[PDB]
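# opening piece of the complex, as it sits:
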Amino acid sequence: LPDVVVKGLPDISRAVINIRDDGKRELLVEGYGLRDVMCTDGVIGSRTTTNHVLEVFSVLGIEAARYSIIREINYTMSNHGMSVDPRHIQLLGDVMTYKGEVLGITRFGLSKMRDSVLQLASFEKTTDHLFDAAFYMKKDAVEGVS
Amino acid sequence: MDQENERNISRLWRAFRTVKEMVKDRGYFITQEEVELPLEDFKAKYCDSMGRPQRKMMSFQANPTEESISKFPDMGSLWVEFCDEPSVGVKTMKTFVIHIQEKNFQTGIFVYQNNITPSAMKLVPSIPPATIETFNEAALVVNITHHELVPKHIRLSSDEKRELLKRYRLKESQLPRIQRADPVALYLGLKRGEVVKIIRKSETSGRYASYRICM
Amino acid sequence: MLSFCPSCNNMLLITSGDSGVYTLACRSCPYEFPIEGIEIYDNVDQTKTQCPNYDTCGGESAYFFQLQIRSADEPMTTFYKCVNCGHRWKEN
Amino acid sequence: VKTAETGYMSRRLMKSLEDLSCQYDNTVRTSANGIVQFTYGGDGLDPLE
């Protein structure tokens, strides 16, 4: 009995009220809520920000998500040191997003576009890609560098 | 409870704002006074004297104007109706389909209440000339394209399409794509093979544009 | 409720008695109960308006404060406070 | 410990972006001749020079 939610959502781990900019004030919230807390009355949701881009794709999606992922990459890497320059960052987020869904760089997500079986069996895989391409009788082409 | 109820009538009123400004950029004809009203006029029109709002009387009709029927040669006015109870079933969707039958037009759109079930999913995409659209009241509060990061998405006709392919001299498709059922996609109601010009702003040279098709 | 029966000293659990009565007894040994069971575990600003709070009071004076809430188009919600009782009040 | 971790990140990042180039159409395209972007960085200027 002394457990169940009286009010609020089933998301937030905790929140904080902090001093924003020079003299102003605002809050930061830890949770997966997003739109619901944006839909939550009492706050202007026009200008906001959220982490874990993949979920941002589930609300704003595509472009806005691509603009967010290049925003966070630039930020955290502009602190510790040196410079990665603006050019190289934009191309990294573009080749991931351009298909219309955010995925990549991982063996589960590395197969999206590329139809070449040898280069995919090169980076990471052994048995499956060779037998799978034989089953479905794939053809494709020899094109790329590797 | 008076408190939580006035929260919902402000919700639906702002939800009425969203579906209003949405029908404007599609090329259809309205005025700035149609999308802009205070709480006063809203309480008089769609809310009774008892203090409890209504549902079915919110239904209206709008048409296109000028260039909208020029640029896109095939188009016309539509018919929008609302829902009743969160539970979805055959019910009033029958006469809704019937309403589309004799009144023709293009796409009847209706805003949900709370829950969606496969019952109402019996037939979504019907009729030979056209189809319909589904929207939830929850998800709709403020417009996404106007929010922060989402830039202007400009839809173009078949004319500009083939010319764009005559610029870089390219075969069709093969361009950066855009998924459908995507909250931005379904917002503007894009069909198969429709190119939308996107103007984005990030700081290197500043403003620049790119093209993305719709799969 | 965490009770105990004397002698054997094991535990007491509620058992449904026949025809309307609710009782309890220790398991696998003769005993009978209940008695009544119980368990417990743990200002410058001023305005003129009519005060809804009434004992003998009927006070004239009141306090108020202004802030914007909800939507931008959504009107102002005002909070009222009374001099005598010091009661907080909220209405839009 | 950081020395052994250094090789994993950059490598797996490469194999994705490994094949890319810039044609005479100024559009950067892939091995499948699909166009990922019309102009590089919205400018076309190389950060090297």
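That came through fine. Numbers count the residues shown, from 1 in each chain, chains lettered A, B, ... in the order given.

# pull the residues that contact the host helix or strand of residue B:161.
Per DSSP states H and E, residue B:161 falls inside helix B:158-164. Contacts with helix B:158-164, where a contact means Cβ atoms under 8 Å, 6 or more residues apart in numbering or on different chains, come from B:195, B:211. For the C-beta atoms, the positions are set from N, CA and C on the backbone; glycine is no exception.

# now the element after it, going C-ward?
Following helix B:158-164 toward the C-terminus (DSSP H and E): helix B:185-188.

# now do that next one: distance to the chain's middle.
7 Å (Cα atoms, centre = their mean, to the nearest Å).

# list the contacts for residue B:199?
Residue B:199 neighbours (Cβ under 8 Å, 6+ apart): B:151, B:152, B:154, B:207, B:209.

# for the third one, which non-adjacent residue is closest in space?
Across the structure, with Cβ to Cβ, 6 or more residues apart in numbering or on different chains as the measure, the residue nearest residue B:154 apart from its sequence neighbours is residue B:197 (4.3 Å).

# would you point out the most distant pair within the contacts of residue B:199?
B:154 and B:207 (13.8 Å; Cβ to Cβ).

# so the two - more neighbours on which side?
residue B:154 (14 against 11; other Cβ atoms under 10 Å in any protein chain shown).

# name the helices or strands packed onto whichever strand or helix holds that one?
For residue B:154, the element it lies in under DSSP H and E is strand B:152-155. In terms of contacts (3 or more Cβ pairs under 8 Å, 6 or more residues apart in numbering or on different chains; DSSP states H and E), strand B:152-155 is packed against strand B:196-201.

# spell out which residues of chain B are next to chain A.
Taking Cβ under 8 Å from any Cβ of the partner chain as the criterion, chain B approaches chain A at residues B:7, B:10-11, B:138-139, B:141-142, B:144, B:146-151, B:176-179, B:182-184, B:198, B:200, B:202-204, B:212, B:215.

# and those, which are buried?
Buried members of the residues of chain B next to chain A, counted by 16 or more other Cβ atoms under 10 Å in any protein chain shown: B:10-11, B:138, B:141-142, B:144, B:147, B:149-151, B:176-178, B:182-184, B:198, B:200, B:202, B:212, B:215.

# nearest residue to the residue of chain C found nearest chain A in space, please, no chain neighbours.
Proximity of chain C to chain A (Cβ to the nearest Cβ) peaks at residue C:70, 5.1 Å away. Among residues not flanking residue C:70 along the chain, residue A:41 sits closest, at 5.1 Å (Cβ to Cβ, 6+ apart).

# am I right that residue D:44 is in contact with residue D:28?
No: contact status for residue D:44 versus residue D:28: not in contact, 9.4 Å apart, counting by Cβ atoms under 8 Å.

# who has more neighbours, those two?
Legend: neighbour count by other Cβ under 10 Å for residue D:44 and residue D:28, higher for residue D:28 (20 against 13).

# which residues does the more buried one bridge with?
On the basis of DSSP bridges, residue D:28 is bridged to residue D:22, residue D:37.

# returning to that earlier point: what about the residue nearest to residue B:154, neighbour count?
By other Cβ under 10 Å, neighbour count at residue B:197 equals 15.

# how does chain B divide into domains?
Following CATH domains of a matching chain, one gets these domains for chain B: B:2-142, B:143-215.

# can you give the distance of stretch D:33-43 from its chain's centre?
11 Å.

# meant to ask about stretch B:51-60
19 Å.

# for stretch D:41-49, same thing?
For stretch D:41-49, the distance to the chain centre is 13 Å (Cα atoms, centre = their mean).

# which elements pack onto whatever helix or strand residue D:5 lives in?
Per DSSP H and E, residue D:5 falls inside helix D:2-17. Contact analysis of helix D:2-17 by 3+ Cβ pairs under 8 Å, 6+ apart lists helix A:86-97, helix A:117-123 as its packing neighbours.

# sequence for chain E below, add it please:
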Amino acid sequence: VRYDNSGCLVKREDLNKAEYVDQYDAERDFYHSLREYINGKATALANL
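This next block brings in chain E, placed alongside the chains you saw above:
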């Protein structure tokens, strides 16, 4: 020059509006800022 939409020139208006894009603006803004830079040095000679 200028290219409006598809296979059409614009006229004497949208230059400021620039809703048609077509990019190449990186080339335009470079010439602009370069010109105004000389202007800033020129107007500096005025006050001097």
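
# in light of the added chain E, please revisit the contacts of helix B:158-164.
Here helix B:158-164 has contacts from B:195, B:211, E:5, E:6, E:7, using Cβ under 8 Å, 6+ apart.

# send the alpha carbons of that helix over as PDB?
The C-alpha atoms that make up helix B:158-164 are tabulated as PDB, following Å, rounded to 0.1, in the frame of the first residue of the first chain:
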ATOM      1  CA  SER B 158       6.400  16.500 -59.800                       C
ATOM      2  CA  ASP B 159       7.600  19.400 -61.900                       C
ATOM      3  CA  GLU B 160      10.500  20.400 -59.600                       C
ATOM      4  CA  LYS B 161      11.200  16.700 -59.000                       C
ATOM      5  CA  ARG B 162      12.300  15.700 -62.500                       C
ATOM      6  CA  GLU B 163      14.200  19.000 -62.900                       C
ATOM      7  CA  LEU B 164      16.200  18.300 -59.700                       C
END
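
# now it: buried residues?
B:160, B:161, B:164.

# how close does the second one sit to residue B:178?
It refers to residue B:161. Distance from residue B:161 to residue B:178, counting by Cβ to Cβ, to the nearest Å: 14 Å.

# which strand or helix spans the one residue in chain C that gets nearest to chain D?
Nearest to chain D in chain C, going by Cβ to the nearest Cβ, is residue C:72, at a distance of 34.2 Å. Here residue C:72 is covered by no helix or strand, with elements defined by DSSP H and E.

# tally up the residues packed near it, please.
7.

# does the closest residue to it other than its chain neighbours sit in a helix, a strand or a coil?
The shortest distance from residue C:72 to any non-neighbouring residue, by Cβ to Cβ, 6+ apart, is to residue A:44 (7.1 Å). Secondary structure, DSSP: H, G, I helix; E, B strand; the rest coil: residue A:44 is coil.

# list the buried residues of the helix or strand containing residue C:62.
Residue C:62 belongs to strand C:61-67 when elements are defined using DSSP H and E. Applying a neighbour-count criterion of 16+ other Cβ under 10 Å, one finds C:62, C:63 buried in strand C:61-67.

# just to check, residue E:9 is in contact with residue E:3?
Yes: in terms of Cβ under 8 Å, residue E:9 counts as a neighbour of residue E:3; the distance is 6.8 Å.

# joint contacts of the two?
Going by Cβ under 8 Å, 6+ apart, no residue sits against residue E:9 while also sitting against residue E:3.

# ok, these two, which is more surrounded?
Per other Cβ under 10 Å, whichever of residue E:9 and residue E:3 has more neighbours is residue E:3, with 14 against 9.

# for the more buried one, phi and psi?
Main-chain dihedrals, residue E:3, degrees, to the nearest 10: phi -130, psi 110.

# and the residue of chain C nearest chain E?
Taking Cβ to the nearest Cβ, chain C has residue C:72 as its residue nearest chain E, at 27.7 Å.

# count of neighbours near residue D:9?
Residue D:9 has 10 nearby residues by other Cβ under 10 Å.

# how about the contacts made by it?
Contacts of residue D:9 (Cβ under 8 Å, 6+ apart): none.

# equivalent analysis for residue A:60, please.
With Cβ under 8 Å, 6+ apart, residue A:60 has these contacts: B:144, B:147, B:149, B:150, B:183, B:184.

# mind listing what the last one touches?
Going by Cβ under 8 Å, 6+ apart, residue B:184 touches A:60, A:61, A:62, A:63, B:144, B:145, B:150, B:153, B:178.

# how about the fourth one?
The neighbourhood of residue B:150, defined by Cβ under 8 Å, 6+ apart, consists of A:60, A:63, A:64, B:144, B:184.

# now for those residues: which two are most distant?
Pairwise across the contacts of residue B:150, and taking Cβ to Cβ, the largest span is found between A:63 and B:144, at 10.9 Å.

# can you give me the helices in chain E?
Assigned by DSSP state H, chain E shows helices spanning E:14-17, E:25-47.
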